[PDB]
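For reference, target03.cif (mmCIF, N, CA and C atoms and all ligand atoms):
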data_start
#
loop_
_atom_site.label_atom_id
_atom_site.label_comp_id
_atom_site.auth_asym_id
_atom_site.auth_seq_id
_atom_site.Cartn_x
_atom_site.Cartn_y
_atom_site.Cartn_z
N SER A 7 2.35 11.72 5.66
CA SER A 7 3.54 12.58 5.84
C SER A 7 3.92 12.64 7.32
N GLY A 8 5.07 13.25 7.61
CA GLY A 8 5.55 13.48 8.98
C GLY A 8 7.05 13.29 9.08
N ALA A 9 7.67 13.89 10.08
CA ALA A 9 9.13 13.82 10.27
C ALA A 9 9.47 13.84 11.76
N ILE A 10 10.70 13.42 12.07
CA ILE A 10 11.35 13.53 13.40
C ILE A 10 12.32 14.71 13.35
N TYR A 11 12.26 15.58 14.35
CA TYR A 11 13.21 16.70 14.50
C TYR A 11 13.99 16.52 15.80
N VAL A 12 15.23 16.06 15.69
CA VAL A 12 16.18 15.88 16.82
C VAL A 12 17.45 16.66 16.48
N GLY A 13 17.91 17.50 17.40
CA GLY A 13 19.09 18.36 17.19
C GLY A 13 18.91 19.18 15.93
N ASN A 14 19.91 19.16 15.04
CA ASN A 14 19.86 19.85 13.73
C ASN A 14 19.66 18.80 12.62
N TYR A 15 18.78 17.82 12.86
CA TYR A 15 18.42 16.78 11.87
C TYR A 15 16.91 16.75 11.67
N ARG A 16 16.51 16.49 10.43
CA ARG A 16 15.13 16.14 10.07
C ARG A 16 15.16 14.72 9.52
N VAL A 17 14.40 13.80 10.10
CA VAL A 17 14.29 12.41 9.59
C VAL A 17 12.93 12.26 8.92
N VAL A 18 12.96 11.75 7.70
CA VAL A 18 11.76 11.60 6.84
C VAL A 18 11.85 10.25 6.14
N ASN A 19 10.71 9.77 5.68
CA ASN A 19 10.66 8.67 4.70
C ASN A 19 11.46 9.12 3.48
N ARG A 20 12.41 8.31 3.02
CA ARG A 20 13.26 8.64 1.85
C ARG A 20 12.37 8.91 0.64
N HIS A 21 11.27 8.17 0.48
CA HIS A 21 10.36 8.32 -0.68
C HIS A 21 9.49 9.59 -0.63
N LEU A 22 9.40 10.27 0.52
CA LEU A 22 8.64 11.55 0.68
C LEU A 22 9.60 12.73 0.86
N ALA A 23 10.91 12.49 0.78
CA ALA A 23 11.93 13.55 0.95
C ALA A 23 11.71 14.64 -0.13
N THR A 24 11.87 15.92 0.22
CA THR A 24 11.66 17.08 -0.70
C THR A 24 13.00 17.46 -1.33
N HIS A 25 12.94 18.37 -2.32
CA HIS A 25 14.12 19.03 -2.95
C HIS A 25 15.04 19.54 -1.85
N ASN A 26 14.46 20.25 -0.88
CA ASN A 26 15.21 20.88 0.25
C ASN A 26 15.89 19.83 1.15
N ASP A 27 15.24 18.69 1.40
CA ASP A 27 15.85 17.54 2.10
C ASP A 27 17.12 17.08 1.37
N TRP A 28 17.02 16.92 0.05
CA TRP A 28 18.12 16.45 -0.83
C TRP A 28 19.19 17.55 -0.98
N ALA A 29 18.79 18.82 -0.98
CA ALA A 29 19.71 19.98 -1.01
C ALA A 29 20.54 20.01 0.28
N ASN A 30 19.96 19.54 1.39
CA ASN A 30 20.62 19.52 2.73
C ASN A 30 20.86 18.08 3.23
N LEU A 31 21.10 17.15 2.31
CA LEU A 31 21.28 15.70 2.60
C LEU A 31 22.42 15.51 3.62
N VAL A 32 22.15 14.78 4.70
CA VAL A 32 23.18 14.35 5.69
C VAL A 32 23.46 12.88 5.42
N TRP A 33 22.40 12.10 5.19
CA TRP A 33 22.48 10.63 5.16
C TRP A 33 21.17 10.08 4.61
N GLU A 34 21.27 9.06 3.76
CA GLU A 34 20.09 8.35 3.19
C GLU A 34 20.44 6.87 3.03
N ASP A 35 19.42 6.02 3.11
CA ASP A 35 19.55 4.55 2.96
C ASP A 35 18.27 4.05 2.27
N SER A 36 18.36 3.76 0.97
CA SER A 36 17.24 3.28 0.12
C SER A 36 16.62 2.02 0.74
N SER A 37 17.47 1.09 1.19
CA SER A 37 17.07 -0.21 1.80
C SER A 37 16.22 0.03 3.05
N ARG A 38 16.44 1.15 3.76
CA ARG A 38 15.71 1.48 5.01
C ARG A 38 14.51 2.43 4.81
N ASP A 39 14.33 3.04 3.63
CA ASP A 39 13.33 4.11 3.36
C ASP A 39 13.58 5.31 4.29
N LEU A 40 14.84 5.61 4.66
CA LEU A 40 15.18 6.76 5.54
C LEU A 40 16.05 7.79 4.81
N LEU A 41 15.83 9.06 5.12
CA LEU A 41 16.70 10.18 4.69
C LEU A 41 16.76 11.16 5.85
N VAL A 42 17.97 11.57 6.20
CA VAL A 42 18.22 12.64 7.19
C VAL A 42 18.80 13.86 6.46
N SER A 43 18.18 15.01 6.68
CA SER A 43 18.62 16.33 6.17
C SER A 43 18.92 17.24 7.37
N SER A 44 19.81 18.21 7.14
CA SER A 44 20.23 19.23 8.13
C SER A 44 19.11 20.25 8.31
N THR A 45 18.96 20.78 9.52
CA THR A 45 18.00 21.86 9.86
C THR A 45 18.77 23.00 10.54
N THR A 46 18.26 24.22 10.44
CA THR A 46 18.86 25.43 11.06
C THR A 46 18.31 25.56 12.49
N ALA A 47 16.99 25.42 12.65
CA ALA A 47 16.31 25.43 13.97
C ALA A 47 16.52 24.08 14.67
N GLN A 48 16.90 24.12 15.95
CA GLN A 48 17.08 22.96 16.87
C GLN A 48 15.77 22.16 17.01
N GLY A 49 15.85 20.83 16.94
CA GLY A 49 14.70 19.91 17.09
C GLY A 49 14.52 19.47 18.53
N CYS A 50 13.27 19.25 18.96
CA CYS A 50 12.92 18.95 20.38
C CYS A 50 12.73 17.44 20.63
N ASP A 51 12.53 16.61 19.59
CA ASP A 51 12.33 15.14 19.72
C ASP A 51 13.57 14.47 20.34
N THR A 52 13.33 13.42 21.13
CA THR A 52 14.36 12.52 21.69
C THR A 52 14.21 11.16 21.01
N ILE A 53 15.31 10.58 20.53
CA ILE A 53 15.32 9.21 19.96
C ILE A 53 15.47 8.24 21.14
N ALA A 54 14.60 7.23 21.18
CA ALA A 54 14.63 6.12 22.16
C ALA A 54 15.98 5.39 22.06
N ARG A 55 16.60 5.10 23.20
CA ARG A 55 17.79 4.22 23.29
C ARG A 55 17.41 3.01 24.14
N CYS A 56 16.84 1.99 23.51
CA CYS A 56 16.12 0.88 24.19
C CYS A 56 15.82 -0.25 23.21
N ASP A 57 15.25 -1.35 23.70
CA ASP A 57 14.75 -2.44 22.83
C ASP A 57 13.28 -2.74 23.16
N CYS A 58 12.52 -1.70 23.49
CA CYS A 58 11.03 -1.74 23.56
C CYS A 58 10.48 -2.42 22.30
N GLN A 59 9.53 -3.32 22.49
CA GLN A 59 8.75 -3.92 21.40
C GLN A 59 7.27 -3.60 21.65
N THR A 60 7.01 -2.58 22.44
CA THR A 60 5.65 -1.99 22.58
C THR A 60 5.76 -0.47 22.60
N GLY A 61 4.76 0.18 22.03
CA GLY A 61 4.74 1.63 21.87
C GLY A 61 3.41 2.08 21.29
N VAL A 62 3.35 3.33 20.90
CA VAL A 62 2.12 3.97 20.38
C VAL A 62 2.52 4.62 19.06
N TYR A 63 1.73 4.48 18.01
CA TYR A 63 2.04 5.19 16.75
C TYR A 63 0.85 6.05 16.36
N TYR A 64 1.10 7.14 15.63
CA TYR A 64 0.04 8.03 15.10
C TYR A 64 -0.36 7.55 13.70
N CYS A 65 -1.67 7.38 13.49
CA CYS A 65 -2.25 6.96 12.21
C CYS A 65 -3.08 8.13 11.67
N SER A 66 -2.52 8.92 10.75
CA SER A 66 -3.21 10.12 10.22
C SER A 66 -4.53 9.70 9.56
N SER A 67 -4.61 8.52 8.93
CA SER A 67 -5.83 8.07 8.20
C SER A 67 -6.99 7.77 9.18
N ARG A 68 -6.73 7.75 10.49
CA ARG A 68 -7.77 7.53 11.51
C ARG A 68 -7.75 8.66 12.54
N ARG A 69 -6.89 9.65 12.34
CA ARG A 69 -6.58 10.71 13.32
C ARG A 69 -6.55 10.09 14.72
N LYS A 70 -5.85 8.97 14.86
CA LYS A 70 -5.77 8.23 16.14
C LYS A 70 -4.35 7.75 16.42
N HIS A 71 -4.00 7.67 17.70
CA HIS A 71 -2.79 6.98 18.23
C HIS A 71 -3.20 5.58 18.67
N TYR A 72 -2.49 4.56 18.20
CA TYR A 72 -2.77 3.15 18.53
C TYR A 72 -1.59 2.60 19.32
N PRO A 73 -1.85 1.87 20.43
CA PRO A 73 -0.81 1.09 21.10
C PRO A 73 -0.61 -0.22 20.33
N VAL A 74 0.64 -0.61 20.09
CA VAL A 74 0.99 -1.79 19.25
C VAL A 74 2.18 -2.53 19.87
N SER A 75 2.23 -3.85 19.64
CA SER A 75 3.43 -4.69 19.80
C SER A 75 4.05 -4.75 18.41
N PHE A 76 5.37 -4.64 18.29
CA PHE A 76 6.05 -4.66 16.97
C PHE A 76 7.28 -5.57 17.05
N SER A 77 7.62 -6.17 15.93
CA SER A 77 8.77 -7.08 15.76
C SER A 77 10.08 -6.30 15.87
N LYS A 78 11.15 -6.98 16.26
CA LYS A 78 12.52 -6.40 16.28
C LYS A 78 12.89 -5.97 14.86
N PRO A 79 13.71 -4.92 14.67
CA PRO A 79 14.11 -4.51 13.32
C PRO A 79 14.74 -5.68 12.55
N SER A 80 14.30 -5.89 11.32
CA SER A 80 14.63 -7.06 10.47
C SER A 80 14.65 -6.64 9.01
N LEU A 81 15.32 -7.46 8.20
CA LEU A 81 15.21 -7.52 6.73
C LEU A 81 13.88 -8.20 6.41
N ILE A 82 12.92 -7.41 5.93
CA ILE A 82 11.53 -7.85 5.65
C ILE A 82 11.29 -7.55 4.18
N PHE A 83 10.55 -8.43 3.49
CA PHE A 83 10.16 -8.25 2.07
C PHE A 83 8.86 -7.44 2.01
N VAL A 84 8.98 -6.14 1.72
CA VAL A 84 7.85 -5.19 1.55
C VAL A 84 7.20 -5.48 0.19
N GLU A 85 5.89 -5.76 0.17
CA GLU A 85 5.15 -6.18 -1.06
C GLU A 85 4.87 -4.95 -1.93
N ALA A 86 4.02 -5.10 -2.95
CA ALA A 86 3.81 -4.13 -4.05
C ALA A 86 3.07 -2.89 -3.53
N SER A 87 3.79 -1.99 -2.86
CA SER A 87 3.30 -0.66 -2.41
C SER A 87 3.49 0.36 -3.55
N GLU A 88 2.73 1.46 -3.51
CA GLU A 88 2.79 2.57 -4.51
C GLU A 88 4.18 3.24 -4.45
N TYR A 89 4.76 3.36 -3.25
CA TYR A 89 6.11 3.95 -3.02
C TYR A 89 7.19 2.94 -3.42
N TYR A 90 7.04 1.68 -2.98
CA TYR A 90 8.00 0.57 -3.21
C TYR A 90 7.25 -0.70 -3.59
N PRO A 91 7.36 -1.20 -4.84
CA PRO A 91 6.83 -2.52 -5.19
C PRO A 91 7.67 -3.64 -4.55
N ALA A 92 7.21 -4.89 -4.67
CA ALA A 92 7.85 -6.11 -4.09
C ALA A 92 9.37 -5.92 -3.99
N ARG A 93 9.86 -5.50 -2.82
CA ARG A 93 11.30 -5.20 -2.56
C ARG A 93 11.63 -5.43 -1.08
N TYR A 94 12.91 -5.69 -0.78
CA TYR A 94 13.43 -5.91 0.60
C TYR A 94 13.64 -4.57 1.30
N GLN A 95 13.33 -4.52 2.60
CA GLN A 95 13.56 -3.32 3.46
C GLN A 95 14.20 -3.82 4.75
N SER A 96 15.35 -3.27 5.12
CA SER A 96 16.05 -3.60 6.38
C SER A 96 15.60 -2.65 7.49
N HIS A 97 15.97 -2.99 8.72
CA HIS A 97 15.66 -2.23 9.96
C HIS A 97 14.15 -1.92 10.00
N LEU A 98 13.30 -2.84 9.52
CA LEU A 98 11.83 -2.67 9.47
C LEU A 98 11.16 -3.49 10.58
N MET A 99 10.19 -2.87 11.26
CA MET A 99 9.46 -3.45 12.40
C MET A 99 7.97 -3.53 12.06
N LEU A 100 7.38 -4.73 12.15
CA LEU A 100 5.95 -4.91 11.79
C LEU A 100 5.11 -4.97 13.07
N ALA A 101 3.93 -4.40 13.00
CA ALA A 101 2.84 -4.59 13.97
C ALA A 101 1.55 -4.79 13.20
N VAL A 102 0.54 -5.32 13.89
CA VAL A 102 -0.86 -5.42 13.40
C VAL A 102 -1.52 -4.06 13.65
N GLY A 103 -1.97 -3.41 12.58
CA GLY A 103 -2.59 -2.08 12.66
C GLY A 103 -2.84 -1.49 11.28
N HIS A 104 -3.55 -0.36 11.24
CA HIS A 104 -3.93 0.35 10.00
C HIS A 104 -2.77 1.24 9.54
N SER A 105 -2.45 1.16 8.25
CA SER A 105 -1.43 1.99 7.57
C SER A 105 -1.80 2.12 6.08
N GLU A 106 -2.15 3.33 5.65
CA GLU A 106 -2.35 3.72 4.23
C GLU A 106 -1.12 4.47 3.75
N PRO A 107 -0.90 4.61 2.42
CA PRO A 107 0.26 5.35 1.90
C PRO A 107 0.54 6.68 2.61
N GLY A 108 -0.51 7.48 2.85
CA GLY A 108 -0.42 8.81 3.50
C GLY A 108 -0.06 8.74 4.98
N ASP A 109 -0.10 7.55 5.59
CA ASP A 109 0.26 7.37 7.03
C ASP A 109 1.79 7.39 7.23
N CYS A 110 2.60 7.23 6.18
CA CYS A 110 4.09 7.23 6.28
C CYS A 110 4.52 8.53 6.96
N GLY A 111 5.50 8.48 7.87
CA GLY A 111 5.98 9.65 8.62
C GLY A 111 5.34 9.76 10.00
N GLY A 112 4.22 9.08 10.23
CA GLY A 112 3.64 8.95 11.57
C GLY A 112 4.69 8.33 12.48
N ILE A 113 4.83 8.88 13.69
CA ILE A 113 5.90 8.50 14.65
C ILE A 113 5.40 7.37 15.56
N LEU A 114 6.24 6.35 15.73
CA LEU A 114 6.07 5.30 16.75
C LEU A 114 6.97 5.72 17.91
N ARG A 115 6.41 5.80 19.11
CA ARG A 115 7.19 6.17 20.32
C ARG A 115 6.86 5.22 21.47
N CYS A 116 7.80 5.15 22.42
CA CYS A 116 7.70 4.44 23.72
C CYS A 116 7.91 5.47 24.83
N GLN A 117 8.08 5.03 26.08
CA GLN A 117 8.42 5.91 27.24
C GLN A 117 9.78 6.59 27.01
N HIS A 118 10.69 5.96 26.25
CA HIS A 118 12.10 6.41 26.05
C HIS A 118 12.22 7.39 24.87
N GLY A 119 11.15 7.57 24.09
CA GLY A 119 11.06 8.57 23.00
C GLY A 119 10.72 7.95 21.66
N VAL A 120 11.26 8.52 20.58
CA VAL A 120 10.96 8.11 19.18
C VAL A 120 11.67 6.80 18.86
N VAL A 121 10.88 5.82 18.40
CA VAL A 121 11.37 4.49 17.97
C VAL A 121 11.59 4.50 16.45
N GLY A 122 10.62 5.02 15.70
CA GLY A 122 10.70 4.99 14.24
C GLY A 122 9.55 5.73 13.63
N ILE A 123 9.37 5.58 12.33
CA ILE A 123 8.30 6.27 11.59
C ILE A 123 7.65 5.23 10.69
N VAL A 124 6.34 5.36 10.47
CA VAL A 124 5.57 4.49 9.54
C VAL A 124 6.23 4.56 8.16
N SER A 125 6.42 3.40 7.53
CA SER A 125 7.08 3.24 6.20
C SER A 125 6.24 2.35 5.28
N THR A 126 5.57 1.32 5.82
CA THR A 126 4.85 0.29 5.03
C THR A 126 3.45 0.07 5.61
N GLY A 127 2.55 -0.49 4.80
CA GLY A 127 1.15 -0.78 5.16
C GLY A 127 0.61 -1.98 4.41
N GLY A 128 -0.71 -2.16 4.43
CA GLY A 128 -1.40 -3.25 3.69
C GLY A 128 -1.55 -4.54 4.48
N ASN A 129 -2.69 -5.21 4.30
CA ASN A 129 -2.99 -6.56 4.83
C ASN A 129 -3.10 -6.51 6.35
N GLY A 130 -3.55 -5.39 6.91
CA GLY A 130 -3.72 -5.22 8.36
C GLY A 130 -2.39 -5.16 9.10
N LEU A 131 -1.30 -4.81 8.40
CA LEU A 131 0.07 -4.67 8.95
C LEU A 131 0.52 -3.22 8.78
N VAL A 132 1.25 -2.72 9.77
CA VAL A 132 1.95 -1.42 9.69
C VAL A 132 3.44 -1.71 9.90
N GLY A 133 4.28 -1.19 8.99
CA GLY A 133 5.74 -1.29 9.11
C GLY A 133 6.34 0.04 9.50
N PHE A 134 7.27 -0.02 10.45
CA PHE A 134 7.99 1.12 11.02
C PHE A 134 9.48 0.98 10.69
N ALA A 135 10.04 2.01 10.08
CA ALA A 135 11.50 2.13 9.88
C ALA A 135 12.09 2.54 11.22
N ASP A 136 12.93 1.68 11.79
CA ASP A 136 13.60 1.93 13.08
C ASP A 136 14.69 2.99 12.86
N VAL A 137 14.86 3.88 13.84
CA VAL A 137 15.88 4.95 13.87
C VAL A 137 16.73 4.85 15.15
N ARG A 138 16.48 3.88 16.04
CA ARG A 138 17.11 3.82 17.40
C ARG A 138 18.60 3.43 17.33
N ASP A 139 19.02 2.73 16.27
CA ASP A 139 20.45 2.33 16.07
C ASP A 139 21.27 3.53 15.56
N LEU A 140 20.63 4.61 15.10
CA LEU A 140 21.33 5.80 14.55
C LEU A 140 21.72 6.69 15.73
N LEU A 141 22.73 6.26 16.51
CA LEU A 141 23.12 6.96 17.77
C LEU A 141 23.55 8.40 17.46
N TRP A 142 24.13 8.62 16.27
CA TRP A 142 24.68 9.93 15.84
C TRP A 142 23.58 11.00 15.78
N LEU A 143 22.31 10.60 15.67
CA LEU A 143 21.15 11.56 15.67
C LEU A 143 21.09 12.41 16.96
N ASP A 144 21.64 11.95 18.10
CA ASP A 144 21.67 12.74 19.37
C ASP A 144 23.07 13.33 19.67
N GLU A 145 23.71 13.92 18.65
CA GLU A 145 25.05 14.58 18.72
C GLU A 145 25.42 15.11 17.33
N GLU A 146 26.47 15.94 17.25
CA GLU A 146 26.96 16.60 16.01
C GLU A 146 25.78 16.81 15.05
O1 LIG B 201 3.95 3.74 26.76
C1 LIG B 201 3.75 3.07 25.66
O2 LIG B 201 4.24 3.37 24.59
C2 LIG B 201 2.86 1.91 25.77
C3 LIG B 201 2.20 1.38 26.83
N1 LIG B 201 1.42 0.28 26.59
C4 LIG B 201 1.46 -0.05 25.32
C5 LIG B 201 0.73 -1.19 24.74
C6 LIG B 201 -0.48 -1.60 25.29
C7 LIG B 201 -1.16 -2.68 24.75
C8 LIG B 201 -0.65 -3.35 23.65
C9 LIG B 201 0.55 -2.95 23.10
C10 LIG B 201 1.24 -1.87 23.63
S1 LIG B 201 2.48 0.98 24.37
ZN ZN B 202 11.72 2.29 24.73
#

Encoded form using structure tokens:
Amino acid sequence: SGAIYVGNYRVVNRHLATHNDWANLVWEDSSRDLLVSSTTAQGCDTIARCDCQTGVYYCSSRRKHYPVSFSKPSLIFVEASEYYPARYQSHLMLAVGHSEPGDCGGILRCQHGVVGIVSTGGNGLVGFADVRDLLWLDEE
């Protein structure tokens, strides 16, 4: 689990979104595994505006932060996961690292702020849903 709180937005894995997320839906993209819901309390997170391909992500299954190199956001074929079986995911970034189902929502960050959140795992790979192209997250 885990979310990004920037301005009056909550960003979550679309597959872990709650009733309340859907009750306050701002924007969702099935292909990206992303859902943004409205919040009443102001969020303190900053979204990275950069093309960093190195950063640190939180892995709840190891209670550890790992430094990783990750691929540019791409259309990647996500294999048979419990959340998503053999299906395509866009704006997805892969690195070599540990990711279990419960690791989704762990934040990947650089010096410039939040890059994305854990979305995929398996085979010694961690996939991150990129949020840096969503410029609207730092306004209205
Ligand atoms: O400030 C940051 O987010 C980082 C600094 N150095 C990093 C790093 C180090 C080794 C391999 C891959 C990545 S990530
Ligand atoms: Zn950066």

- Test item: residues lying within 6 Å of ligand ZN 202 (chain B) with only N, CA and C atoms and all ligand atoms, as a count of residues only: 9

Given 5 Å of margin on each side, can you work out the centre and size in Å (one decimal) of an axis-aligned box holding every listed atom of ligand LIG 201 (chain B), as AutoDock Vina command-line options?
--center_x 1.5 --center_y 0.2 --center_z 25.0 --size_x 15.4 --size_y 17.1 --size_z 13.7

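Of the residues under consideration (A:67, A:125, A:26, A:60), A:60 shows the shortest atom-to-atom contact distance to ligand LIG 201 (chain B) when counting all atoms listed in the file.
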
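Taking atom N of residue 43 of chain A and atom CA of residue 76 of chain A as endpoints, the distance between them is 25.3 Å.
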
- Apply DSSP to the structure's backbone, then extract all residues of segment 9-144 of chain A labelled strand (DSSP E or B) and return them as a ChimeraX atom specification. /A:10-19,31-35,40-50,53,60-65,70-75,80-84,93-102,113-116,119-126,131-136

- So which one's closest to residue 101 of chain A, A:17, A:132, A:80, A:39? Using only C-alpha atoms, please. A:132

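With distances taken from (14.2, 17.9, 18.2) and restricted to all atoms listed in the file, the residues inside 7 Å are residues 10, 11, 12, 13, 14, 48, 49, 50, 51 and 52 of chain A.
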
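Of the residues under consideration (A:64, A:142, A:83, A:72), A:72 shows the shortest atom-to-atom contact distance to ligand LIG 201 (chain B) when counting all atoms listed in the file.
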
- Within 7 Å of file point (16.1, 1.3, 8.4), counting only C-alpha atoms, expressed as a PyMOL selection string: chain A and resi 37-40+96-98+135-137

Just-selected residues, N, CA and C atoms written as a PDB file, keeping the file's coordinate frame:
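Below is the file that was written, result22.pdb:
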ATOM      1  N   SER A  37      17.470   1.090   1.190  1.00  0.00           N
ATOM      2  CA  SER A  37      17.070  -0.210   1.800  1.00  0.00           C
ATOM      3  C   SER A  37      16.220   0.030   3.050  1.00  0.00           C
ATOM      4  N   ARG A  38      16.440   1.150   3.760  1.00  0.00           N
ATOM      5  CA  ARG A  38      15.710   1.480   5.010  1.00  0.00           C
ATOM      6  C   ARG A  38      14.510   2.430   4.810  1.00  0.00           C
ATOM      7  N   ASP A  39      14.330   3.040   3.630  1.00  0.00           N
ATOM      8  CA  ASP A  39      13.330   4.110   3.360  1.00  0.00           C
ATOM      9  C   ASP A  39      13.580   5.310   4.290  1.00  0.00           C
ATOM     10  N   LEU A  40      14.840   5.610   4.660  1.00  0.00           N
ATOM     11  CA  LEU A  40      15.180   6.760   5.540  1.00  0.00           C
ATOM     12  C   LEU A  40      16.050   7.790   4.810  1.00  0.00           C
ATOM     13  N   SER A  96      15.350  -3.270   5.120  1.00  0.00           N
ATOM     14  CA  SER A  96      16.050  -3.600   6.380  1.00  0.00           C
ATOM     15  C   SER A  96      15.600  -2.650   7.490  1.00  0.00           C
ATOM     16  N   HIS A  97      15.970  -2.990   8.720  1.00  0.00           N
ATOM     17  CA  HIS A  97      15.660  -2.230   9.960  1.00  0.00           C
ATOM     18  C   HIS A  97      14.150  -1.920  10.000  1.00  0.00           C
ATOM     19  N   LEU A  98      13.300  -2.840   9.520  1.00  0.00           N
ATOM     20  CA  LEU A  98      11.830  -2.670   9.470  1.00  0.00           C
ATOM     21  C   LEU A  98      11.160  -3.490  10.580  1.00  0.00           C
ATOM     22  N   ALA A 135      10.040   2.010  10.080  1.00  0.00           N
ATOM     23  CA  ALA A 135      11.500   2.130   9.880  1.00  0.00           C
ATOM     24  C   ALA A 135      12.090   2.540  11.220  1.00  0.00           C
ATOM     25  N   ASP A 136      12.930   1.680  11.790  1.00  0.00           N
ATOM     26  CA  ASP A 136      13.600   1.930  13.080  1.00  0.00           C
ATOM     27  C   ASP A 136      14.690   2.990  12.860  1.00  0.00           C
ATOM     28  N   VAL A 137      14.860   3.880  13.840  1.00  0.00           N
ATOM     29  CA  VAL A 137      15.880   4.950  13.870  1.00  0.00           C
ATOM     30  C   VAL A 137      16.730   4.850  15.150  1.00  0.00           C
TER      31      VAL A 137
END

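Shortest separation to residue 143 of chain A among A:75, A:42, A:8, A:95 occurs at residue A:42, atoms counted being only C-alpha atoms.
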
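Here atom C of residue 61 of chain A and atom C of residue 31 of chain A stand 29.2 Å from one another.
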
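For the pair atom CA of residue 124 of chain A and atom CA of residue 110 of chain A, the separation is 4.5 Å.
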
- Nearest residue to residue 105 of chain A from the set A:131, A:121, A:47, A:41 (distances using all atoms listed in the file): A:131

Restore N, CA, C and O atoms in segment 113-127 of chain A and list the result as a PDB file, in the frame of the given file.
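Once written, result-v4.pdb looks like this:
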ATOM      1  N   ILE A 113       4.830   8.880  13.690  1.00  0.00           N
ATOM      2  CA  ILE A 113       5.900   8.500  14.650  1.00  0.00           C
ATOM      3  C   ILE A 113       5.400   7.370  15.560  1.00  0.00           C
ATOM      4  O   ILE A 113       4.259   7.462  16.071  1.00  0.00           O
ATOM      5  N   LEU A 114       6.240   6.350  15.730  1.00  0.00           N
ATOM      6  CA  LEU A 114       6.070   5.300  16.750  1.00  0.00           C
ATOM      7  C   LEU A 114       6.970   5.720  17.910  1.00  0.00           C
ATOM      8  O   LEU A 114       8.152   5.989  17.689  1.00  0.00           O
ATOM      9  N   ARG A 115       6.410   5.800  19.110  1.00  0.00           N
ATOM     10  CA  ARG A 115       7.190   6.170  20.320  1.00  0.00           C
ATOM     11  C   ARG A 115       6.860   5.220  21.470  1.00  0.00           C
ATOM     12  O   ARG A 115       5.818   4.546  21.427  1.00  0.00           O
ATOM     13  N   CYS A 116       7.800   5.150  22.420  1.00  0.00           N
ATOM     14  CA  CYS A 116       7.700   4.440  23.720  1.00  0.00           C
ATOM     15  C   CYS A 116       7.910   5.470  24.830  1.00  0.00           C
ATOM     16  O   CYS A 116       7.927   6.684  24.505  1.00  0.00           O
ATOM     17  N   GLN A 117       8.080   5.030  26.080  1.00  0.00           N
ATOM     18  CA  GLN A 117       8.420   5.910  27.240  1.00  0.00           C
ATOM     19  C   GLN A 117       9.780   6.590  27.010  1.00  0.00           C
ATOM     20  O   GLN A 117       9.954   7.710  27.532  1.00  0.00           O
ATOM     21  N   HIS A 118      10.690   5.960  26.250  1.00  0.00           N
ATOM     22  CA  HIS A 118      12.100   6.410  26.050  1.00  0.00           C
ATOM     23  C   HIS A 118      12.220   7.390  24.870  1.00  0.00           C
ATOM     24  O   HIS A 118      13.320   7.958  24.712  1.00  0.00           O
ATOM     25  N   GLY A 119      11.150   7.570  24.090  1.00  0.00           N
ATOM     26  CA  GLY A 119      11.060   8.570  23.000  1.00  0.00           C
ATOM     27  C   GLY A 119      10.720   7.950  21.660  1.00  0.00           C
ATOM     28  O   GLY A 119       9.964   6.954  21.624  1.00  0.00           O
ATOM     29  N   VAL A 120      11.260   8.520  20.580  1.00  0.00           N
ATOM     30  CA  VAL A 120      10.960   8.110  19.180  1.00  0.00           C
ATOM     31  C   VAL A 120      11.670   6.800  18.860  1.00  0.00           C
ATOM     32  O   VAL A 120      12.926   6.704  19.000  1.00  0.00           O
ATOM     33  N   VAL A 121      10.880   5.820  18.400  1.00  0.00           N
ATOM     34  CA  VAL A 121      11.370   4.490  17.970  1.00  0.00           C
ATOM     35  C   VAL A 121      11.590   4.500  16.450  1.00  0.00           C
ATOM     36  O   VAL A 121      12.627   3.976  15.943  1.00  0.00           O
ATOM     37  N   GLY A 122      10.620   5.020  15.700  1.00  0.00           N
ATOM     38  CA  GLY A 122      10.700   4.990  14.240  1.00  0.00           C
ATOM     39  C   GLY A 122       9.550   5.730  13.630  1.00  0.00           C
ATOM     40  O   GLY A 122       8.848   6.441  14.356  1.00  0.00           O
ATOM     41  N   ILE A 123       9.370   5.580  12.330  1.00  0.00           N
ATOM     42  CA  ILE A 123       8.300   6.270  11.590  1.00  0.00           C
ATOM     43  C   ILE A 123       7.650   5.230  10.690  1.00  0.00           C
ATOM     44  O   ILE A 123       8.361   4.310  10.196  1.00  0.00           O
ATOM     45  N   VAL A 124       6.340   5.360  10.470  1.00  0.00           N
ATOM     46  CA  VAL A 124       5.570   4.490   9.540  1.00  0.00           C
ATOM     47  C   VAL A 124       6.230   4.560   8.160  1.00  0.00           C
ATOM     48  O   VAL A 124       6.553   5.678   7.717  1.00  0.00           O
ATOM     49  N   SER A 125       6.420   3.400   7.530  1.00  0.00           N
ATOM     50  CA  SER A 125       7.080   3.240   6.200  1.00  0.00           C
ATOM     51  C   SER A 125       6.240   2.350   5.280  1.00  0.00           C
ATOM     52  O   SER A 125       6.235   2.616   4.065  1.00  0.00           O
ATOM     53  N   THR A 126       5.570   1.320   5.820  1.00  0.00           N
ATOM     54  CA  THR A 126       4.850   0.290   5.030  1.00  0.00           C
ATOM     55  C   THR A 126       3.450   0.070   5.610  1.00  0.00           C
ATOM     56  O   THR A 126       3.224   0.437   6.785  1.00  0.00           O
ATOM     57  N   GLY A 127       2.550  -0.490   4.800  1.00  0.00           N
ATOM     58  CA  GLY A 127       1.150  -0.780   5.160  1.00  0.00           C
ATOM     59  C   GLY A 127       0.610  -1.980   4.410  1.00  0.00           C
ATOM     60  O   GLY A 127       1.414  -2.741   3.846  1.00  0.00           O
TER      61      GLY A 127
END
